[PDB]
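Here is the structure we will look at.
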Amino acid sequence: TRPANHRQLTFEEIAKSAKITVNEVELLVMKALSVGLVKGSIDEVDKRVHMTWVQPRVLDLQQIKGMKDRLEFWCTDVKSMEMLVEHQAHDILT
Amino acid sequence: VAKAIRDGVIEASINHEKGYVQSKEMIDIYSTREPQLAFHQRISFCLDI
Amino acid sequence: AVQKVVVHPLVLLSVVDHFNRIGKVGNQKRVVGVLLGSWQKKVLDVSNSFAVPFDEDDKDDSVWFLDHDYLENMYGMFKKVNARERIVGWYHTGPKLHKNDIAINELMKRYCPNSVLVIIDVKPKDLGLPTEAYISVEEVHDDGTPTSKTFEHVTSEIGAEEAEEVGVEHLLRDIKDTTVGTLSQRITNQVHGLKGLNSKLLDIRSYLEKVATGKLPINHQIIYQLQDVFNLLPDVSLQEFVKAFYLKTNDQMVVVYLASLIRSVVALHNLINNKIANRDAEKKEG
Amino acid sequence: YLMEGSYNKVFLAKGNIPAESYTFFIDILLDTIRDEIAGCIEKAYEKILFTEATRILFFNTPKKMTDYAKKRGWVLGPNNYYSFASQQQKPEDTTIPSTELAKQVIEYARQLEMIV
């Protein structure tokens, strides 16, 4: 659900969203990691976790439009940098 | 001291109600961008000569 | 199975000749032939080839004609003059692989089960290499078949032998980059890399539009790998990255400084030598 | 006296002119000192008392203090003045460095191998 940034999250938020007491979430996330469906790390004294990768899923014709958009306004930066460099060093090998 | 702080002479704060002046601690200038500028300024000269 | 293939240039010139040579005979869109080579470890080295008569009609995808015994006895002829080469693959010059091609492979696989397919583009417009290499595999998936039969990608590069390289270097009289060195290290590289990456992203978008609409046979594996690709991109903005990047460049600059200093003092000594070698000699003419 | 922060002597001397009144110019001077001190106090310290603020600036207790605060921000509290705090927007930036460094390195290599 979360963005790709900002995806650190806290024990109590899991405990609410899974309706399990706090003291179990450590063993739950250990289990999740051990079967490789999610990858990350834990901080027990802050009571926080830092997930970093998650198994892909199927997604529909409405979600892919965001892919299209982010790809377009990514590619624009490549084009800009190429047009810059091939000018700024024009003389060194024209 | 206020005029000194204005011009960036020192970053110390002042508790006027109390009276004592406390200053910040700014170390590790090596990570700052300024040494690269310092090196560039004379790279230019050594290439010109 | 096989990890990379190295192609000698002589086959390139041979294919380029063959294409025009057939252009004489008929309105054929494509041509086909046999590749000869040798093995070392996981690496394939391919060096010689000959063409085989071939026919196809665009009437349909299932009406084509390749001649057996021409290949059968021509390989005998070649064997009888160089024993080292074995049949090791086949090539064709279509711009992209065609629907027939897998059923073509099942014919000639009898001659070598490891046989590999090489595409040689005869008309370059672009900065990628002209070659491609494909090997057949079965692949399992949840449903629709126990296995599909699929071409998959093997990496390819051009190489050269001791004396064919002399031969090619005699011919390229007409162009060279002015100097190898930092200007070649850049212009021969970074700009070309950026252009390639841009073209790849363009093709990705071109497919993605014809999946948002058009025919759109949605394939989930594409979306999975795309999710991986987008997840992989790093956050540059993090403070602890910035401090490292500065702590590295602010070190790298010192060496350039020192070297430029040494260069300047050597050039100064050279000037001193020149001038004293002049003032003590010019006086001799009175 | 005006070149640096010494300002008490300035106001003391404003009442000491052996020539004539000179109110015409010392007035303008008073105004251009008021606004400058108002600008400088915006970053000297975190908090001020309202009586102390009213007295460090030479005006007394008229509605003038209220109006001066209104002209700026100077939101009050319970005998409290909040500090305007930001001073952290500029840091943690590399993209503009990541462009002008590229320009600079290209400039280094420019006049290095070509004959000049």
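Residue numbers (UniProt numbering), protein chains in the order written: chain Y, 283 to 376; chain W, 438 to 486; chain X, 5 to 290; chain P, 235 to 350.
We put the CB at the ideal spot given by N, CA and C, even for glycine.
Going by CA-CA distance only, name the one from the options that's closest to residue i.
i	options	result
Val19/X	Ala167/X, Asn52/X and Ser160/X	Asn52/X
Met333/Y	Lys361/Y, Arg289/Y and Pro285/Y	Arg289/Y
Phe249/X	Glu448/W, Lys455/W and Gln473/W	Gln473/W
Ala475/W	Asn277/X, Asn278/X, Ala285/X and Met257/X	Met257/X
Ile447/W	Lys461/W, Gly456/W, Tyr457/W and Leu484/W	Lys461/W
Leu121/X	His145/X, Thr159/X, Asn86/X and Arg88/X	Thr159/X
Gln459/W	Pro296/P, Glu280/P and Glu238/P	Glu280/P
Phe234/X	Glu364/Y, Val307/Y and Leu353/Y	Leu353/Y
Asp327/P	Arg479/W, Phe482/W and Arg470/W	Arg470/W
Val327/Y	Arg339/Y, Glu308/Y and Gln345/Y	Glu308/Y
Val170/X	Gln7/X, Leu14/X and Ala107/X	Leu14/X
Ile106/X	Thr154/X, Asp49/X, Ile179/X and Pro99/X	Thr154/X
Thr186/X	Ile349/P, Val350/P and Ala343/P	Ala343/P
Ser323/Y	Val367/Y, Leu291/Y and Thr303/Y	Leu291/Y
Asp49/X	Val11/X, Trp68/X and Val85/X	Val11/X
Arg289/P	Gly307/P, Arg268/P and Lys304/P	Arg268/P
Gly456/W	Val438/W, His477/W, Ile480/W and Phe482/W	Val438/W
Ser320/P	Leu263/P, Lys277/P and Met299/P	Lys277/P
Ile296/Y	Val331/Y, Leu319/Y, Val320/Y and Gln370/Y	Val331/Y
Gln7/X	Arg25/X, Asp65/X, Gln243/X and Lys46/X	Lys46/X
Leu131/X	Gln194/X, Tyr228/X and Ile280/X	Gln194/X
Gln337/Y	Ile227/X, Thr182/X, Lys113/X and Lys129/X	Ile227/X
Quick one: grab the DSSP three-state call for residue i.
i	result
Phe155/X	strand
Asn242/P	helix
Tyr316/P	coil
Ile123/X	strand
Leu133/X	coil
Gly37/X	strand
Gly27/X	helix
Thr192/X	coil
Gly197/X	helix
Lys8/X	strand
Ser241/X	coil
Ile267/P	helix
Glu462/W	coil
residue 427/Y	Here chain Y comprises residues numbered 283 to 376, so residue 427/Y is not present and cannot be evaluated.
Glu165/X	coil
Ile262/P	helix
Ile226/X	helix
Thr292/Y	strand
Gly273/P	helix
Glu364/Y	helix
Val320/Y	strand
For residue i, count the other beta carbons within 10 Å of its own beta carbon; 16 or more makes it buried, fewer makes it exposed. Which is it?
i	result
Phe318/P	exposed
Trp356/Y	exposed
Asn109/X	buried
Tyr138/X	buried
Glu136/X	buried
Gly93/X	buried
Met463/W	exposed
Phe293/Y	buried
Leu75/X	buried
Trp335/Y	exposed
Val269/X	exposed
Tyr316/P	exposed
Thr283/Y	exposed
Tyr95/X	buried
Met349/Y	buried
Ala286/Y	exposed
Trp43/X	exposed
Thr329/P	exposed
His174/X	exposed
Please compile the residues from chain A whose C-beta is within a distance smaller than 9 Å of the C-beta of residue i.
i	result
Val367/Y	Absent from the structure: chain A. Protein chains present are Y, W, X and P.
Practice item. At 4 residues or longer, and completely inside the segment 255-287 of chain X: list those alpha helix (DSSP H) runs for me, N to C. Key: None, since the segment 255-287 of chain X contains no complete alpha helix (DSSP H) of that length.
Exercise. Listed in chain order, which residues of the segment 176-188 of chain X have Cβ atoms closer than 8 Å to some Cβ of chain P?
Worked result: Against chain P - using a Cβ distance shorter than 8 Å - the residues of the segment 176-188 of chain X are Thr183, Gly185, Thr186 and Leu187.
| field | Whole alpha helix (DSSP H) elements within the segment 276-343 of chain P, 4-residue minimum | value | Runs of the alpha helix (DSSP H) inside the segment 276-343 of chain P: 284-290 and 297-305.
Near-chain W residues of the segment 225-252 of chain X - C-beta to any C-beta below 7 Å:
Only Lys247, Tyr250 and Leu251 from the segment 225-252 of chain X bring a Cβ to less than 7 Å from some Cβ of chain W.
**Asked** What residues in the segment 458-474 of chain W have a beta carbon less than 7 Å from any beta carbon of chain X?
**Response** Cβ contacts with chain X come from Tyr467, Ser468, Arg470, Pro472 and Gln473.
message = Taking beta-carbon pairs under 8 Å, can you tell me which members of the segment 265-276 of chain P lie near chain Y?
response = Taking a C-beta cut-off of 8 Å against chain Y, none of the residues of the segment 265-276 of chain P qualify.
If the cut-off is 8 Å on Cβ atoms, which residues from the segment 342-365 of chain Y count as contacting chain X, listed in chain order?
Within the segment 342-365 of chain Y, the residues whose Cβ lies closer than 8 Å to any Cβ of chain X are, in chain order, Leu343, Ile346, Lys347, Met349, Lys350, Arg352, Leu353, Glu354, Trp356, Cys357, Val360, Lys361, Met363 and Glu364.
**Request:** Could I get the ranges of all uninterrupted beta strand (DSSP E) runs contained in the segment 327-361 of chain Y, with 3 residues as the minimum, in chain order?
**Result:** Runs of the beta strand (DSSP E) lying entirely within the segment 327-361 of chain Y and spanning at least 3 residues, in chain order: 330-336.
Segments of 3+ residues assigned as beta strand (DSSP E) that fall wholly inside the segment 30-106 of chain X: For the segment 30-106 of chain X, the continuous beta strand (DSSP E) assignments of 3+ residues that do not extend past its boundaries occur at 36-44, 47-55, 58-60, 68-70 and 90-96, in sequence order.
Report task. Using a Cβ-Cβ cut-off of less than 7 Å, list which residues of the segment 313-342 of chain P approach chain X; keep chain order. Result -> Here the close residues are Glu326 and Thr328.
Q: Report the residues of the segment 277-297 of chain P with a CB closer than 9 Å to any CB of chain W, ordered along the chain.
A: So the close ones are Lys277, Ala278, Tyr279, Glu280, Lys281, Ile282, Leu283, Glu286 and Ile290.
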